[PDB]
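Beneath this line is the structure, given in structure tokens, with notes to follow.
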Number of protein chains: 2
Amino acid sequence: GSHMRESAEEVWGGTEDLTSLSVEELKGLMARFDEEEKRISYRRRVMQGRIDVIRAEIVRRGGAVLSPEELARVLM
Amino acid sequence: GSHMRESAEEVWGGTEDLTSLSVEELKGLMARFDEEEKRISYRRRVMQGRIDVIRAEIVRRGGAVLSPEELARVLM
Ligand SMILES: [Mg+2]
């Protein structure tokens, strides 16, 4: 447990003016948000790869269940 | 096989060959993965904006607590 120590999200949401934070505090915020950005980017790459494989497999079947634009825009 | 109530992640991990799935099953997978990719892309945009604001605020101070490369790579 955190023992009520503030999370990066809570510090960020509760700060009216960043000028009131120290550089050490700002660097902690930036580090936390940067880590989340990197985790998201890794997961986006996984999702894009799976979508690419699925879309190629649907196209491979040479059917007409879905139109070209439904495939391109993922209108399912 | 039928009415197994599997999640998209479970279907994906448990399918050795996508030719075993119906087009309707592939549609559902594509839709779930596309929705997830859009959801975390939105969150990524938020994280990138917060990082941009924090980095500008540290630069604004005109100090030397952090080097240029430390700021550029978020090394903390
Ligand atoms: Mg900037």
Side-chain angles (χ1 to χ4, degrees), chain A residues 7-76, chain B residues 7-76:
Chain A
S7 69
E9 191 69 25
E10 295 176 302
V11 174
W12 181 255
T15 299
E16 188 151 90
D17 192 332
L18 290 191
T19 182
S20 80
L21 301 174
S22 70
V23 168
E24 283 69 14
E25 284 169 304
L26 293 167
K27 81 198 282 233
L29 295 180
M30 193 170 213
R32 295 295 88 65
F33 299 149
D34 181 65
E35 290 155 7
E36 174 75 3
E37 190 282 333
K38 293 177 176 153
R39 284 188 294 266
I40 291 179
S41 290
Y42 168 98
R43 181 158 176 79
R44 285 185 69 200
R45 169 186 298 271
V46 174
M47 302 291 297
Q48 290 170 3
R50 301 175 175 179
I51 292 166
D52 183 65
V53 174
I54 296 158
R55 193 145 58 194
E57 169 61 22
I58 293 170
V59 166
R60 185 198 65 74
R61 298 188 185 193
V65 180
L66 298 164
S67 75
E69 184 77 326
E70 283 163 352
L71 287 177
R73 292 193 50 212
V74 197
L75 301 169
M76 309 277 102
Chain B
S7 66
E9 192 68 32
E10 286 164 352
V11 173
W12 186 256
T15 300
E16 286 306 319
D17 180 345
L18 290 190
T19 64
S20 73
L21 302 185
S22 68
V23 170
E24 288 70 28
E25 289 171 309
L26 296 163
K27 288 171 54 174
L29 298 178
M30 203 161 82
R32 294 305 88 163
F33 299 151
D34 182 68
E35 161 183 42
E36 175 74 354
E37 195 277 344
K38 290 175 182 158
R39 175 186 81 81
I40 63 188
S41 294
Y42 175 93
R43 298 175 44 66
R44 178 169 173 266
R45 178 184 175 280
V46 174
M47 305 293 120
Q48 291 182 146
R50 297 175 174 182
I51 288 165
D52 183 66
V53 171
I54 293 165
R55 198 143 51 197
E57 168 61 20
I58 289 164
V59 169
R60 186 196 63 74
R61 297 195 186 182
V65 176
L66 295 170
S67 73
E69 185 75 326
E70 284 167 347
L71 282 172
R73 297 195 51 214
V74 194
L75 301 169
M76 278 143 228

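Naming convention: chains lettered A, B, ... in sequence-line order (proteins, then strands); numbering from 1 in each chain.
With salt bridges taken as basic N to acidic carboxylate O contacts below 4.0 Å, none links A:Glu70 and B:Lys27.
Considering only residues two or more places apart in sequence or on other chains, B:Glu37 meets the salt bridge (charged side-chain N to carboxylate O under 4.0 Å, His left out) condition with A:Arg44.
Across all their heavy atoms, A:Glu57 and A:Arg61 have their closest contact at OE2-NE, 2.8 Å. When all heavy atoms are compared, the tightest approach of A:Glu9 to A:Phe33 is OE1-CE2, 4.2 Å. The heavy-atom pair separating A:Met30 from B:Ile51 by the smallest distance is CE-O, 3.0 Å.
In terms of heavy-atom pairs under 4.5 angstrom with chain A, the leader among B:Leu29, B:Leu21, B:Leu71 is B:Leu21. Of the listed residues (B:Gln48, B:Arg55, B:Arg45), the greatest number of heavy-atom pairs within a distance under 4.5 Å of chain A belongs to B:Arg55. For chain B, the option among A:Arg32, A:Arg39, A:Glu35, A:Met76 with the highest count of heavy-atom pairs below 4.5 Å is A:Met76.
In this structure, the portion of A:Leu66 lying under 4.5 Å from any heavy atom of chain B is its side chain and not its backbone. Within the 4.5 angstrom heavy-atom criterion, no atom of A:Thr15 approaches chain B. Proximity to chain B is absent for every atom of A:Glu25, based on heavy atoms less than 4.5 angstrom apart. Only the side chain of A:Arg60 comes within less than 4.5 Å of a heavy atom of chain B; its backbone N, CA, C and O stay farther away. With a threshold of 4.5 angstrom between heavy atoms, B:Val65 approaches chain A through side-chain atoms but not through N, CA, C or O. For A:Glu24, the part sitting under 4.5 Å from any heavy atom of chain B is the side chain, from C-beta outward, and nothing else.
Of the possible donor and acceptor atoms, one in the side chain of A:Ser7 sits under 3.5 Å from a partner among the backbone N and O of A:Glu10.
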> Under the side-chain hydrogen bond (donor to acceptor under 3.5 Å, both in side chains) criterion, do A:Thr19 and A:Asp17 qualify, and how do the steps go?
Replying inline: CA-CA 5 Å; A:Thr19 182; A:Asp17 192 332; 4.8 Å; no

